[PDB]
Structure formats: structure tokens, C-alpha cells
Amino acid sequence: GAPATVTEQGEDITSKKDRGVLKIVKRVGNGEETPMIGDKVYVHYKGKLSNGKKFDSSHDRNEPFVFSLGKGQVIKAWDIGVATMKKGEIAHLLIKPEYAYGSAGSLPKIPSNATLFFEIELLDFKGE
């Protein structure tokens, strides 16, 4: 990913406009529609710590990742970010700890005050 390019060119998609979630579109999607709260969302993704010491990918489990949009099942940055996505889009998100795991993190994976970077491909979404 290009966290300088996201820092430099990224859209602030936070309510508070505190630059806590910055988005680039890397590939434009084919849908006009973005998902609604409660929609079952299907993605592929890869994520990392900004320090480059831990990694994760949906492919590590050989299946798309599924969550409920806007239900707090995943970090706030995801609920915020995926809500802005069309089917087929690939976006990069640079995420400050206030929109991820904050001061206590989630050890061992997530240190205190960790900045995260994700690539998300929105595959599909379906109501309730």
C-alpha cells in the first residue's frame, strides 16, 4: 500500500472530519449502490500494522470474509469505510487507533495506539 499517498491524497470519511479514516479508491466498482446497515457484506481483504510486523488476509481462511454492516462486529473504520463502497470496488484505508483498537489494542496481534492499513474488495452485499 502507499500510506504516504493515502496520507497525501486520501478522502477523510469520518463524521468528525478528524482524518482518522482516510480512503483511496484503487479500483472503481461496477455498482452505483453502497450497502445499508445490517446488510450481509462479503469481502476479500488484506491488512497490516503500519509497523509491518503483523498481517492478515481473507485468503488465509480460503473463503470471503462476511460481516454485518454497521453492527460493531468489526472495527469502526470498517463499518465506516465499507459503507462508502460499491460492488467490485477496491479501496485502501489508513486508520488511526481511535477507529481501530485505541490505547489497549488487542495483544498479541494489535499493539497499543496502532495505525492500520487495509485493502478491501467489496464482492457483494445482501439485505438482512
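A residue's number is simply how far along the shown sequence it sits, counting from 1.
Relative to one another, 25 to 33 and 94 to 102 have unequal mean CA B-factors, and 25 to 33 is the one with the higher figure.
Judged by mean Cα B factor in the deposited record, 11 to 19 ranks above the other of 106 to 114 and 11 to 19. When the Cα B-factors of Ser68, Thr84, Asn51, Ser58 are read from the PDB record, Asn51 comes out highest. Remark: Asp79 belongs to the lowest third of its chain, ranked by C-alpha B-factor as recorded.
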